[PDB]
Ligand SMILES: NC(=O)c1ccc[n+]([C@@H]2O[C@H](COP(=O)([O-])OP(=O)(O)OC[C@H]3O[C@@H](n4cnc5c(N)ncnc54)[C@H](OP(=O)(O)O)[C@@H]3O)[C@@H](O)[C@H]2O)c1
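Quick heads-up: it's one chain on its own, the form deposited without the ligand, in structure tokens.
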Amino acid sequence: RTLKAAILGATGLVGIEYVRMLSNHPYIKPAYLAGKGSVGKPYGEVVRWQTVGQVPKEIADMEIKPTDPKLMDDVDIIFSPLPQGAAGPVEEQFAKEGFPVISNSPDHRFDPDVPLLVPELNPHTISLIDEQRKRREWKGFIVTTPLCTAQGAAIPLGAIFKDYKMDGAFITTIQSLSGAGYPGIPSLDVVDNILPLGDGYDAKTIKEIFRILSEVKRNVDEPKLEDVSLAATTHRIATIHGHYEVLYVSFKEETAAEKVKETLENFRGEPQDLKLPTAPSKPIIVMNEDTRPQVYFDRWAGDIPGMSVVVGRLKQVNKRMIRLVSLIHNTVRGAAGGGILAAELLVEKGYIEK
């Protein structure tokens, strides 16, 4: 007994991760590979397989099919890593046609009735679907995952905000190329260079972190999220996968790095308690060596490769300020892997039927 998934944009840098991971999944099958430009061609002939291994045997000869909900009677779930602008209306059209829709796209991320989900952090937000359906009058639904960059920060910051009076986080990112898609970043922009991404990208990263944090169930009540200073300075360099982030985190009062570090080691959420198939044992992995994590060596760490955010370099700066770094696999936990985990949580909660 399995569920049949369609993956929109299946030849893309995110769609390849849905293909790789769903090919190994116990009950979600990659059964319908949707596109536009290469409709009618075999997947393995057209795809850039910029990930680990090779195109799965059983997928390689599948023809890419039209992005058309009228052709998808047989499909149980839509995964939608589509580009911004194009995504919004396609996802509405699928939802209106009665599909569950898991989007990795930005278009719906701040709809107050659409869940911006990190399953370990705000699983309770899925019950927004009730109101979504009723107010939007459709049988289906849309759920979004956040910007991968925002997730590499929000996961550690969420674990901390939960239990500590955190009052700011000032972040520097060093992001990989695959985040921008293909053709994406011109090679001349990152050879012997660093490409700042600009105020617009900095501002959207912070916006998304604020939404995720505004939804975390905390054990302390100070400070109020509105009194939290977040800031980001974002860049891309010539790494293929893996977003590397340096966070300076401030607290309203005296807070020991050793305590925070232990909170990070100990972090887990509903996905781990439920033993969901794509839930890592340790959604945050903490490293103790002063030159770790490194992008190359740590982006595929953990019992489920790519699904863990890897943290290190925990250090006291002064009594109210600590330094840490974090690494997220941007197309796995940051996108496809997070979206598959969303789907398992939604099946588990009753929102997608068996």
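Throughout, we count residues from 1 along the sequence that is shown.
Missing here is the form deposited with the ligand bound; even so, the following discussion is about that form.
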> Only one of 193, 84, 229, 266 has a non-hydrogen atom within 4.5 angstroms of the ligand in the bound PDB entry; which is it?
Replying inline: 84
>> Going by heavy atom distances of 4.5 angstroms or less, which of 205, 104, 278, 173 would be at the interface with the ligand in the bound PDB entry?
In response: 104
>> Please determine whether residue 38 contacts the ligand in the bound PDB entry, using a 4.5 Å cut-off between heavy atoms.
In response: yes
> Is residue 345 close enough to the ligand in the bound PDB entry to count, meaning some heavy atom within 4.5 Å?
Replying inline: no
>> Please tell me whether any heavy atom belonging to residue 22 falls inside 4.5 Å of a heavy atom of the ligand, as the geometry stands in the bound PDB entry.
In response: no
>> Under a 4.5 Å heavy atom criterion, is residue 181 part of the interface with the ligand in the bound PDB entry?
In response: yes
> Candidate spot 119, 122 and 308, all three in 4.5 Å heavy atom range of the ligand in the bound PDB entry?
Replying inline: no
> Using a 4.5 Å cut-off on heavy atoms, which residues of 312 to 340 contact the ligand in the bound PDB entry?
Replying inline: 330, 331, 334, 335
